[PDB]
Amino acid sequence: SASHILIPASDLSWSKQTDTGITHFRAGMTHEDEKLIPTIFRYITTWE
Amino acid sequence: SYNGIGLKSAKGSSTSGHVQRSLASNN
Amino acid sequence: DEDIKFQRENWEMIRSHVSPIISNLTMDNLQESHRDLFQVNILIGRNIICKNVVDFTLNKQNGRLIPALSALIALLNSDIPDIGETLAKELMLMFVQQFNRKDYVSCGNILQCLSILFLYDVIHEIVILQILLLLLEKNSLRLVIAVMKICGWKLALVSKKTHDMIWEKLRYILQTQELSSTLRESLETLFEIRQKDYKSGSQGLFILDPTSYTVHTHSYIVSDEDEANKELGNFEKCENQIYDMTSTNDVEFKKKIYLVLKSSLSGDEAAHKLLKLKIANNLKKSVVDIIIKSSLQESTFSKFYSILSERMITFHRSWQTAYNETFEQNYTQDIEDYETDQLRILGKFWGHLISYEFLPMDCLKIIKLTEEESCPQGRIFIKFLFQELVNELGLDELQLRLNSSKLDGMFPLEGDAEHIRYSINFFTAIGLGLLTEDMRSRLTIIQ
């Protein structure tokens, strides 16, 4: 899984201007029955 | 309300288009 | 005579029991005052218990304590109807006397009592309305406002039809007739409380249930001669579980925080999902533990758990206390279990929050560097702590924060040169020795 993730949405008119930061979350994938499926990014240790 | 945040439509998005405010970012 | 003697101090002590109970009568003491009052003979001191209520009402120090007093009267009238029977009588006569005396101070003291007694179903609405008819027959308008502000909430519920007719004649006063000024703004204030629906005249001690109070709604009127029974207050002469050894509630909750943690991409995303849960304040110490333990499963520090914890702290102060309680709980207790690969995660973790002021420098005052009160793994945790302090801030900015920290744990100055020799030896082993220039000046003076 990679898309059961709240995607950050923040103000596309002003997001081209500056870095707004994460102010709202767009839903990534839905279902009638809620399941918090884990995503690999957690399971892969970071480059730095 | 649609305050400039979100999608033009959820049709081709393949999502629901559900937008909720980040409780983390306040101050 | 010893029987006239023994009945007199019996009459004295009953008089000397009720009067300190009434003076100690307040809210959250009402049931305790009524319990001790019940064991003293109420029926023999029938006018004693009534007169100690009337005078404590009348004294003008009270007026505040009237709803505590009238709630005791309902407790008596539920227990003995005759007590609330006679006490409803005297307050009728106390009004009719002082209304004829035009004692406006003493009238309002009685009318606040008669209002809250009507709030507690002690007296009928007939005895209330006829007082209103006598007051509205004259002006008497300072008195009738304090009545209807308090009792009109209940009174419109019970007897709305005549109570509309009281309002309609009372409205005819302001609009078609001239009034004195200071009285006038108080009368229209009653019309202002009317549209606010009497929500500021409807607070009292409803201790009795409507079926626990035996309904002795005494239907006396203020046009009856009420026998004025003062005489019984004188002295006379009687010739008469499965134990919970498992924590499966916690394990399911511990699973849910871990699933939240692993389902997110960014640190702000998981911070959103935890704050969405609205976790109760008893568990918010435990949620911090689940974050930190799962930060040790990662086998490497991640900036995820920092920016997770930073959005917790800036949200609400009870999160900020929960990390401050956890940082003490980790250092004083949990260091003995943690391997050295987990200490480099935690020392980089807590060093991130301290260097960006999410935790203050004053939390570092708990940590003390001695030979006795230090763990060998505790010295490892401090070493990985200060490197993240050095790397983020720099060596000079760290020097300023440690000088404003005024701590004694890392920095012994007052004496005990074996600890000063210890602390210089430990910091130079880390690689930071520029900050130890204070101690070397202190050490050679001791030599």
# chains A, B, ... in the order shown; residues from 1 in each chain; ligands from 1
>>> closest_atom_pairs(of="chain A", to="segment 5-23 of chain B", cutoff="9 Å", atoms="only C-alpha atoms", output="tab-separated table")
residue	atom	partner	partner_atom	distance
A:6	CA	B:19	CA	9.0
A:8	CA	B:22	CA	8.7
A:9	CA	B:6	CA	6.2
A:10	CA	B:5	CA	5.7
A:11	CA	B:5	CA	4.8
A:12	CA	B:5	CA	6.9
A:13	CA	B:5	CA	8.9
A:22	CA	B:22	CA	7.1
A:23	CA	B:22	CA	5.1
A:24	CA	B:21	CA	4.3
A:25	CA	B:20	CA	5.4
A:26	CA	B:19	CA	4.6
A:27	CA	B:18	CA	5.2
A:28	CA	B:15	CA	5.9
A:29	CA	B:15	CA	5.8
A:30	CA	B:16	CA	7.0
>>> interface_residues(of="chain A", to="chain C", cutoff="6 Å", atoms="only C-alpha atoms", output="list in words")
residues 5, 36, 37, 38, 39 and 42 of chain A
>>> write_last_selection(atoms="C-alpha atoms", output="CSV table (one decimal), in the first residue's frame")
chain,number,residue,atom,x,y,z
A,5,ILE,CA,-2.5,8.4,3.0
A,36,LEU,CA,-5.7,2.0,8.6
A,37,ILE,CA,-3.4,0.2,6.2
A,38,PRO,CA,0.3,0.9,6.8
A,39,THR,CA,2.5,2.4,4.1
A,42,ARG,CA,7.4,3.9,7.4
>>> residues_around(residues="residue 117 of chain C", least_positions_apart="4", cutoff="8 Å", atoms="only C-alpha atoms", output="list in words")
residues 70, 71, 73, 74, 113, 121, 122 and 123 of chain C
>>> write_last_selection(atoms="N, CA, C and O atoms", output="tab-separated table (two decimals), in the first residue's frame")
chain	number	residue	atom	x	y	z
C	70	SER	N	-34.03	27.69	52.64
C	70	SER	CA	-35.30	27.19	52.14
C	70	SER	C	-35.20	25.73	51.69
C	70	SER	O	-36.20	25.01	51.69
C	71	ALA	N	-34.00	25.29	51.32
C	71	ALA	CA	-33.80	23.88	51.00
C	71	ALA	C	-33.84	23.01	52.25
C	71	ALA	O	-34.26	21.86	52.18
C	73	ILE	N	-35.81	23.78	54.74
C	73	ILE	CA	-37.23	23.78	55.06
C	73	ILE	C	-37.96	22.71	54.27
C	73	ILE	O	-38.86	22.04	54.79
C	74	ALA	N	-37.56	22.50	53.01
C	74	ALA	CA	-38.14	21.43	52.21
C	74	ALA	C	-37.76	20.06	52.75
C	74	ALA	O	-38.56	19.12	52.69
C	113	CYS	N	-37.34	34.42	50.64
C	113	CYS	CA	-37.58	33.11	51.24
C	113	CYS	C	-38.83	32.47	50.67
C	113	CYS	O	-38.82	31.29	50.32
C	121	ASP	N	-41.58	23.69	46.05
C	121	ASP	CA	-42.94	23.17	46.18
C	121	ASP	C	-43.45	23.16	47.62
C	121	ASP	O	-44.36	22.40	47.95
C	122	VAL	N	-42.87	23.99	48.49
C	122	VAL	CA	-43.30	24.04	49.88
C	122	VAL	C	-44.65	24.72	49.99
C	122	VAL	O	-45.55	24.23	50.69
C	123	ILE	N	-44.84	25.82	49.27
C	123	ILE	CA	-46.06	26.60	49.33
C	123	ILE	C	-46.70	26.66	47.95
C	123	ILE	O	-46.08	26.37	46.93
>>> residues_around(residues="residue 390 of chain C", least_positions_apart="6", cutoff="10 Å", atoms="only C-alpha atoms", output="PyMOL selection string")
chain C and resi 351+355+396-399+432
>>> write_last_selection(atoms="N, CA and C atoms", output="mmCIF file, in the first residue's frame")
data_model
loop_
_atom_site.group_PDB
_atom_site.id
_atom_site.type_symbol
_atom_site.label_atom_id
_atom_site.label_comp_id
_atom_site.auth_asym_id
_atom_site.auth_seq_id
_atom_site.Cartn_x
_atom_site.Cartn_y
_atom_site.Cartn_z
ATOM 1 N N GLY C 351 17.318 15.409 22.306
ATOM 2 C CA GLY C 351 18.168 16.522 21.941
ATOM 3 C C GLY C 351 17.594 17.390 20.845
ATOM 4 N N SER C 355 16.734 21.396 21.857
ATOM 5 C CA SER C 355 17.443 22.415 21.098
ATOM 6 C C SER C 355 16.510 23.340 20.332
ATOM 7 N N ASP C 396 28.601 27.815 20.425
ATOM 8 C CA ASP C 396 28.448 29.069 21.149
ATOM 9 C C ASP C 396 27.012 29.288 21.598
ATOM 10 N N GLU C 397 26.048 28.909 20.759
ATOM 11 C CA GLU C 397 24.646 29.027 21.136
ATOM 12 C C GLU C 397 24.295 28.063 22.258
ATOM 13 N N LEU C 398 24.922 26.886 22.272
ATOM 14 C CA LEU C 398 24.759 25.973 23.393
ATOM 15 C C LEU C 398 25.372 26.543 24.662
ATOM 16 N N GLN C 399 26.467 27.292 24.528
ATOM 17 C CA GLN C 399 27.095 27.920 25.684
ATOM 18 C C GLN C 399 26.179 28.949 26.329
ATOM 19 N N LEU C 432 33.315 17.592 23.742
ATOM 20 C CA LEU C 432 33.015 18.980 24.062
ATOM 21 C C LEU C 432 33.745 19.370 25.342
#
>>> residues_around(residues="residue 27 of chain B", least_positions_apart="6", cutoff="10 Å", atoms="only C-alpha atoms", output="list in words")
residues 311, 314 and 315 of chain C
>>> atom_distance(atom1="atom CA of residue 52 of chain C", atom2="atom CA of residue 140 of chain C")
28.1 Å
>>> atom_distance(atom1="atom CA of residue 50 of chain C", atom2="atom CA of residue 87 of chain C")
5.8 Å
>>> residues_around(residues="residue 382 of chain C", least_positions_apart="3", cutoff="12 Å", atoms="only C-alpha atoms", output="PyMOL selection string")
chain C and resi 331+335+340+343-351+364+367-369+374-379+385-389+409-410+426-427+429-430
>>> residues_around(residues="residue 141 of chain C", least_positions_apart="3", cutoff="10 Å", atoms="only C-alpha atoms", output="number ranges by chain")
C: 132, 135-136, 138, 144-146, 170, 183-184, 186-187
>>> atom_distance(atom1="atom CA of residue 342 of chain C", atom2="atom CA of residue 296 of chain C")
5.8 Å
>>> decode(residues="segment 347-365 of chain C", atoms="N, CA and C atoms", output="compact mmCIF listing (two decimals), in the first residue's frame")
# COMPACT_ATOMS: atom_id res chain seq x y z
N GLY C 347 18.75 9.86 22.60
CA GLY C 347 19.57 11.03 22.81
C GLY C 347 19.50 12.00 21.65
N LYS C 348 19.33 11.48 20.44
CA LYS C 348 19.08 12.35 19.30
C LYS C 348 17.64 12.82 19.27
N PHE C 349 16.72 12.05 19.86
CA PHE C 349 15.32 12.46 19.86
C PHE C 349 15.07 13.59 20.84
N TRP C 350 15.47 13.40 22.10
CA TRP C 350 15.23 14.43 23.10
C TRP C 350 16.14 15.62 22.89
N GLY C 351 17.32 15.41 22.31
CA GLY C 351 18.17 16.52 21.94
C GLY C 351 17.59 17.39 20.85
N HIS C 352 16.71 16.84 20.02
CA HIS C 352 16.07 17.66 19.01
C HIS C 352 15.03 18.59 19.62
N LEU C 353 14.23 18.07 20.55
CA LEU C 353 13.17 18.87 21.14
C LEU C 353 13.71 19.93 22.09
N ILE C 354 14.80 19.62 22.78
CA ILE C 354 15.38 20.58 23.71
C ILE C 354 16.06 21.72 22.96
N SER C 355 16.73 21.40 21.86
CA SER C 355 17.44 22.41 21.10
C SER C 355 16.51 23.34 20.33
N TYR C 356 15.26 22.95 20.13
CA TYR C 356 14.27 23.82 19.50
C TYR C 356 13.21 24.29 20.48
N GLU C 357 13.52 24.24 21.78
CA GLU C 357 12.75 24.83 22.88
C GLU C 357 11.36 24.24 23.03
N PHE C 358 11.10 23.06 22.49
CA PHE C 358 9.82 22.42 22.78
C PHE C 358 9.81 21.84 24.18
N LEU C 359 10.92 21.36 24.63
CA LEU C 359 11.14 21.19 26.04
C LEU C 359 12.09 22.28 26.51
N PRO C 360 11.92 22.80 27.72
CA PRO C 360 12.84 23.83 28.20
C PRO C 360 14.17 23.21 28.61
N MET C 361 15.14 24.09 28.84
CA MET C 361 16.41 23.66 29.41
C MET C 361 16.27 23.21 30.86
N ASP C 362 15.19 23.61 31.53
CA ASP C 362 14.98 23.28 32.93
C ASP C 362 14.67 21.80 33.14
N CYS C 363 14.26 21.08 32.10
CA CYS C 363 14.10 19.64 32.22
C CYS C 363 15.44 18.93 32.32
N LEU C 364 16.51 19.58 31.90
CA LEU C 364 17.84 19.02 32.02
C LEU C 364 18.39 19.14 33.44
N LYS C 365 17.74 19.93 34.30
CA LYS C 365 18.14 20.04 35.70
C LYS C 365 17.92 18.75 36.47
